[PDB]
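**Student:** A single structure is presented below for examination.
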Amino acid sequence: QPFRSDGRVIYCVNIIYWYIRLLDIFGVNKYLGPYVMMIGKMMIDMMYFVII
Amino acid sequence: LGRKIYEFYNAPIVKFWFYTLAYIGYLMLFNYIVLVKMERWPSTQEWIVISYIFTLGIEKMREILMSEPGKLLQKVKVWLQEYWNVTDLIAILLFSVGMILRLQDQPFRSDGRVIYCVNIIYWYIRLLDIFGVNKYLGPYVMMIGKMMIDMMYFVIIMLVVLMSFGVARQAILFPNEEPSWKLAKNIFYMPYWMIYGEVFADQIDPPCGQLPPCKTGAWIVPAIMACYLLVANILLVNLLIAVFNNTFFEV
Amino acid sequence: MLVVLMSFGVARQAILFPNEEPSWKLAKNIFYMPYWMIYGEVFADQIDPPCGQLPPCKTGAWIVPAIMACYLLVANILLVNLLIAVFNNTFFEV
Ligand SMILES: CC(C)CCC[C@@H](C)[C@H]1CC[C@H]2[C@@H]3CC=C4C[C@@H](OC(=O)CCC(=O)O)CC[C@]4(C)[C@H]3CC[C@]12C
Ligand SMILES: CC(C)CCC[C@@H](C)[C@H]1CC[C@H]2[C@@H]3CC=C4C[C@@H](OC(=O)CCC(=O)O)CC[C@]4(C)[C@H]3CC[C@]12C
Ligand SMILES: CC(C)CCC[C@@H](C)[C@H]1CC[C@H]2[C@@H]3CC=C4C[C@@H](OC(=O)CCC(=O)O)CC[C@]4(C)[C@H]3CC[C@]12C
Ligand SMILES: CC(C)CCC[C@@H](C)[C@H]1CC[C@H]2[C@@H]3CC=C4C[C@@H](OC(=O)CCC(=O)O)CC[C@]4(C)[C@H]3CC[C@]12C
Ligand SMILES: CC(C)CCC[C@@H](C)[C@H]1CC[C@H]2[C@@H]3CC=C4C[C@@H](OC(=O)CCC(=O)O)CC[C@]4(C)[C@H]3CC[C@]12C
Ligand SMILES: CC(C)CCC[C@@H](C)[C@H]1CC[C@H]2[C@@H]3CC=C4C[C@@H](OC(=O)CCC(=O)O)CC[C@]4(C)[C@H]3CC[C@]12C
Ligand SMILES: Cc1cc(NC(=O)[C@H](c2ccccc2)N2CCCc3ccccc32)no1
């Protein structure tokens, strides 16, 4: 301690990333892949929206 | 006059409206018996509802027997090819199970009440099913179907994002909960009502250390809360705006 | 919407509050609670209050969060978006 709780925090943000990798693997499905590229282009447009 | 009354009452539109009025009265008496009490023996309204269900089951057996094929398993499969017949049979067995439980003593009576409520849910969905006769409601019904499929795929993606945020929140804050099934309750509880309005303003960054001491990374939870709800609400909800608009053109 | 909302309200007021005698306030509750549930405020205090730890839990008190989630989900998203699409395709003709 106190580095153990910091390691726990890093473990949680890595969970976040590995669920995003589970979102990445959904490009095999023909119904989820279009939604994934929606997430990408809508993320760019929301970056400009987030500025305004 | 006898030919007049017999020619009137055998008309299919008269049959449709009489069945609709009887279904309306059925839904009324079902509402009455799920709000008002039940004892060791049922009331007259609940006996009428039981009679409704059992005669509907007898009529469904008449539908199965008097169909077009001649083999028993073939005509049963032909009748079960329709989805509404499948859910109707599931509800009939559910009501009979609930009535068997309710005719027994406590604590099975409250379980029968629970089954009665979820059967109410189903019979209101059947009232939604009957709205395919109207030229203005039928398009809305097929919207409900195709939008339900698209929301199933949306619910998969939303469930991934929401589950990740809930796991991160319940692992940063509350860092000392032993193995219990209530952890899943928390991670599915908090973000799901976070989407829909109420952000739980008291629960986000409560004052600590000024009060219990702050957990390590307690400031990370406002940041991942902001990031999660942001991309969740705006990205996926708008996404569903675009999805349901491009579904409506074809329909 | 009235069909779906009425079914959820009847189910909620029949699972929870299982001991209310015949009174016209039952209709008040079943039209009260889901209608403001749609529009914002989800009544966070009233959903899964701690019981048995406090009055004992009614049977199936855990079913009300599930049917709450299912109801508002399909209610809010399915019908409200549906009205987005409906009002967009009305605006073209007008
Ligand atoms: C990835 C998606 C599709 C599902 C995510 C599910 C998780 C939220 C679940 C699945 C595995 C679950 C765990 C499986 C085992 C247990 C032991 C369980 O312990 C007991 O019930 C006490 C008795 C015993 O230890 O056997 C408490 C819940 C817990 C930690 C569960 C917590 C919730 C978890 C992580
Ligand atoms: C692929 C998609 C469409 C699946 C959608 C369904 C799931 C998101 C649902 C169905 C079954 C649900 C589970 C059914 C039962 C429980 C036990 C429940 O345990 C408690 O609440 C603790 C005990 C208690 O306090 O009653 C926690 C939620 C959980 C894991 C539920 C989490 C959400 C689940 C996985
Ligand atoms: C996306 C655009 C349009 C707006 C920008 C939003 C975020 C950049 C803001 C909104 C909420 C903010 C957070 C609100 C509260 C806190 C807690 C604060 O920590 C504390 O007050 C001490 C620890 C604690 O008590 O939790 C650190 C900054 C932080 C994470 C803020 C960081 C910046 C955030 C994430
Ligand atoms: C299906 C749609 C279109 C309407 C749904 C309406 C229901 C919510 C209503 C219609 C029938 C009503 C019931 C009709 C009769 C009564 C008796 C009533 O009792 C009294 O007023 C006391 C005096 C007496 O018993 O006559 C209390 C309300 C109650 C249970 C009503 C509760 C609310 C109900 C179920
Ligand atoms: C087909 C659609 C478009 C019809 C839309 C109208 C209905 C949804 C409204 C119109 C009349 C309303 C009813 C008028 C009066 C009452 C009595 C009211 O009784 C009480 O609140 C108890 C007494 C009290 O505390 O004042 C409960 C709601 C109810 C049944 C209302 C429920 C909602 C109703 C049926
Ligand atoms: C649809 C996708 C995108 C997200 C998944 C949402 C549901 C699957 C979650 C959200 C709210 C959850 C419920 C929140 C609280 C509870 C109460 C819990 O029961 C108790 O805590 C004990 C009884 C009580 O006190 O009510 C059982 C699990 C349950 C129904 C949970 C089951 C899973 C639910 C319905
Ligand atoms: C109990 C109970 C259910 C019920 N009603 C029906 O389940 C249904 C119906 C619903 C609304 C309007 C009209 C009819 N119905 C009755 C006879 C079998 C059948 C076949 C095909 C389509 C509908 C239908 N009445 O009492």
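We did not get these values from a lab; they are worked out from the coordinates using the rules stated. Note: ideal-geometry Cβ built from the backbone for every residue, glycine included; neighbour counts use all protein chains shown.
**Student:** What percent of all Cα-Cα pairs in chain C falls into each 5 Å bin, going from 0 up to the bin containing the maximum distance?
**Tutor:** Whole-percent P(r) values from 0 Å outward: 2, 11, 21, 21, 17, 11, 7, 4, 3, 2, 1, 0.
**Student:** Measure off 7 Å from each Cα along the Cα-to-Cβ vector at C:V94 and B:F54, then give the distance between these two points in nanometres to one decimal.
**Tutor:** Distance between label points: 5.4 nm.
**Student:** Tell me, rounded to the nearest percent, the portion of alpha carbon pairs in the stretch B:156-223 spaced more than 17 Å apart. Write out the running numbers ahead of the final one.
**Tutor:** Details: 1027 of 2278 pairs.
Summing the P(r) tail past 17 Å for the stretch B:156-223 gives 45 percent.
**Student:** Continuing with the same structure: Go through the stretch B:236-251 residue by residue and turn each phi into a ³J(HN,Hα) via Karplus (6.51, -1.76, 1.60, θ = phi - 60°); whole Hz please, and just put x for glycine and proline.
**Tutor:** Taking θ as phi minus 60°, the curve returns 7, 5, 5, 2, 6, 4, 5, 5, 6, 6, 6, 6, 5, 5, 5, 5 Hz for the stretch B:236-251.
**Student:** Also: Using θ = phi - 60° and the Karplus form 6.51 cos²θ - 1.76 cosθ + 1.60, what ³J(HN,Hα) does each residue of the stretch B:166-179 get, whole Hz, x for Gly and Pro?
**Tutor:** Coupling constants for the stretch B:166-179: x, 5, 5, 5, 6, 8, 6, 7, 6, x, 9, 10, 5, x Hz.
**Student:** Do me a favour and compute the ellipsoid semi-axes for the stretch B:28-75 from its Cα gyration tensor, root of five times each eigenvalue, largest one first, whole Å. Walk me through the intermediate numbers first.
**Tutor:** Numbers: eigenvalues 233, 17, 11 Å².
Here the semi-axes work out to 34, 9, 7 Å.
**Student:** Reachable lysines from A:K30, Cα under 21 Å, same-chain residues fewer than 8 places away excluded?
**Tutor:** A:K41, B:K146
**Student:** Using only the Cα atoms of chain A, each taken as one equal point scatterer with no solvent, compute I(q) by the Debye sum, divide by I(0), and report log10 of the ratio at q = 0.23, 0.30 Å⁻¹.
**Tutor:** Per q value, in the given order, log10 I(q)/I(0) is -0.86, -1.01.
**Student:** Simple spin-label model, 7 Å along Cα-to-Cβ: A:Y31 to B:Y6 in nm?
**Tutor:** Each label point is offset 7 Å from its Cα along the Cβ direction, giving 5.2 nm.
**Student:** Taking each residue of B:151-160 in turn, how many C-beta atoms of other protein chains fall within 10 Å of its C-beta, and what is the average?
**Tutor:** Average per residue, whole number: 4.
**Student:** Per residue of chain C, what 222 nm ellipticity follows from adding -39500 (n - 2.57) for every DSSP H run with n ≥ 4, rounded to the nearest 500?
**Tutor:** Rounded to the nearest 500, it is -17500 deg cm²/dmol.
**Student:** For B:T20, what is the net charge nearby, where nearby means another residue's Cβ is under 15 Å from its Cβ and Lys, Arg count +1, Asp, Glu -1? The partial results should precede the final answer.
**Tutor:** On the way: positive: B:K15, B:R126; negative: B:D129.
So the environment of B:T20 carries a net charge of +1.
**Student:** If you don't mind, another one. Taking θ = phi - 60°, what integer Hz values does the Karplus form 6.51 cos²θ - 1.76 cosθ + 1.60 yield along the stretch A:6-21, in sequence order, with x for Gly and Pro?
**Tutor:** These are the phi-based 3J(HN,Hα) values: 5, x, 5, 4, 5, 5, 5, 6, 6, 4, 3, 5, 6, 5, 5, 5 Hz.
**Student:** So, one more: What per residue convex hull volume, in Å³, do the alpha-carbon atoms of the protein assembly as shown yield?
**Tutor:** 238
**Student:** While we're looking at this one, here's another question. Based on the alpha carbons, how large is the Rg to Rh ratio for the stretch B:90-135 when Rh follows Kirkwood? Walk me through the intermediate numbers first.
**Tutor:** Numbers: Rg = 13.5 Å, Rh = 11.4 Å.
Result: Rg/Rh = 1.18.
**Student:** Given the C-alpha atoms of the stretch B:94-205, compute the convex hull and give its volume per residue in Å³. Could the numbers behind the result be given before it?
**Tutor:** On the way: hull volume 19.6 nm³, N = 112.
Given the Cα convex hull of the stretch B:94-205, per-residue volume reads 175 Å³.
**Student:** Hey, rough spin-label estimate for B:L103 and B:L183, points 7 angstrom out along Cα→Cβ, what's it come to in nanometres?
**Tutor:** 4.6
**Student:** Can you flag which of B:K182/B:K215; B:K135/C:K25; B:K37/C:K58; C:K28/C:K58; B:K15/C:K25 are past 25 Å Cα-Cα?
**Tutor:** B:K135/C:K25; B:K15/C:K25
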